[PDB]
Amino acid sequence: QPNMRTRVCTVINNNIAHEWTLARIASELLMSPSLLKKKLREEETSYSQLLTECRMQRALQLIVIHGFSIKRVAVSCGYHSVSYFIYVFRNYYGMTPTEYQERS
């Protein structure tokens, strides 16, 4: 009995870089987009929040590998824009990907 946010994170983590939208996650779950939006909202989240969170979680795993540039990490997490990826990582972790890469 996994709740709805868990099932969505499971879909997303199967292919993190994928262009996930509400409809595409919903089709995987055999649900209407409207129902999926509804169930996620009852748990105070959206597909896009869950997407981001999944992507930040994956970013931690890749940033530590030798010579994987910040640029490479972003692309592997599905970001087309390194500035934007940096912005969302800094919001999520309190520091830039570069800072994080230098502590580890």
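Chain by chain, residues are numbered from 1 following the written sequence, and this numbering need not agree with the entry; no residue without coordinates is displayed. Each side-chain value is derived from all of the structure's non-hydrogen atoms; neither hydrogens nor water enter the calculation. Residues with missing side-chain atoms are left out of burial classes, side-chain pairs and their counts.

Student: Please clarify how the packing of aromatic side chains should be interpreted in this entry.
Tutor: In this description, an aromatic ring pair is defined by two values, namely the gap between the centres and the angle between the planes. Pairing of aromatic side chains here covers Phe, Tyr and the six-membered ring of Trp, requires ring centres within 6.5 Å, and sorts the geometry by plane angle: under 30 degrees stacked, over 60 edge-to-face, intermediate tilted. For the structure shown, the criterion picks out eight aromatic pairs. Ring centres of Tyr 79 and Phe 85 lie 5.6 Å apart, and the angle between their planes is 45 degrees; this geometry places the pair in the tilted category. Classification of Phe 85 by relative accessible area gives buried; the value is 0%. Residues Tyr 93 and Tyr 100 carry aromatic rings whose centres are separated by 6.4 Å and whose planes lie at 40 degrees to one another, so their mutual orientation is tilted. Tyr 93 sits in the partly exposed class, given a relative accessible area of 28%. Taken together, the ring pairs in this structure connect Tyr 79, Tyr 84, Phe 85, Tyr 87, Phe 89, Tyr 92, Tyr 93 and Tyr 100 into an aromatic cluster. The side chain of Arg 55 reaches across the aromatic face of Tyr 79, ending 5.4 Å from its centre. Only protein chains enter the calculation, and the probe is 1.4 Å; a residue is then buried if its accessible area is under 20% of its type maximum, exposed if over 50%, and partly exposed in between. Criterion for a charge above a ring: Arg CZ or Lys NZ at most 6 Å from the ring centre, at most 35 degrees from the ring normal.

Student: Any chance you could explain the pattern of salt bridges here in plain terms?
Tutor: When the charged atoms of two side chains with opposite charge come close together, those side chains can pair. Any carboxyl oxygen of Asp or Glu that lies within 4 Å of a side-chain nitrogen of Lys or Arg is treated as forming a salt bridge with it. Using the criterion set out here, one finds two salt bridges in the structure. Close ionic contact of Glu 53 with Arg 5 constitutes a salt bridge, the shortest N to O distance being 3.8 Å. Of this pair, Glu 53 sits in helix α4 (residues 47-62) while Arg 5 is found in helix α1 (residues 4-13), placing the two residues 48 residues apart along the sequence. Residue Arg 5 is classed as partly exposed on the basis of its relative accessible area, which comes to 28%. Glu 44 is paired through a salt bridge with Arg 41; the nearest N and O atoms lie 3.3 Å apart. Segments assigned H or I by DSSP are reported as helices when at least four residues long, segments assigned E as strands when at least two residues long, and all are numbered from the N terminus.

Student: How should the UniProt feature "domain: HTH araC/xylS-type" in the protein be read in this particular structure?
Tutor: UniProt positions are given in the numbering used here, feature names are shortened, and annotations may be inferred rather than shown by experiment. Sequence positions flagged by UniProt for "domain: HTH araC/xylS-type" are, in local numbering, residues 6-103. Note that residues 6-103 is 68% helix and 0% strand, and that its end C-alpha atoms are spaced 30 Å apart.

Student: I keep staring at the UniProt feature "DNA-binding region" in the protein and nothing clicks. Help me out?
Tutor: The UniProt record annotates "DNA-binding region" at residues 23-44 and 70-93. The straight-line gap between the two end C-alpha atoms of residues 23-44 is 19 Å; of that span, 73% is helix and 0% is strand. For residues 70-93, helix accounts for 79% and strand for 0%, while the C-alpha atoms at its two ends are 15 Å apart.

Student: I would appreciate a short explanation of the environment of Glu 28 in the present structure.
Tutor: For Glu 28, the location among the structural elements is in helix α2 (residues 22-28). Residues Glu 28 and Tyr 92, 64 residues apart in the sequence, show an inter-C-alpha distance of 28 Å.

Student: Teacher, can you tell me more about the side chain of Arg 55 here?
Tutor: Within the secondary structure layout, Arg 55 lies in helix α4. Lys and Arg are tallied as positive, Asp and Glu as negative. Neither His nor the chain termini are counted. The side chain of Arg 55 is buried and forms no salt bridge, while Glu 19, the nearest opposite charge, is found at 5.3 Å. Pairs of N or O atoms are called polar contacts if they sit within 3.5 Å, as long as, within protein, a hydrogen donor faces a hydrogen acceptor (for residues adjacent in sequence, only side-chain-to-side-chain pairs). Within the structure, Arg 55 has its side chain in polar contact with the backbone oxygen of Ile 16 (distance 3.1 Å). It only takes one pair of heavy atoms within 4.5 Å for two residues to be counted as in contact. The contact partners of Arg 55, leaving out residues within four places of it in the chain, are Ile 16, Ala 17, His 18, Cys 77, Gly 78 and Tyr 79.

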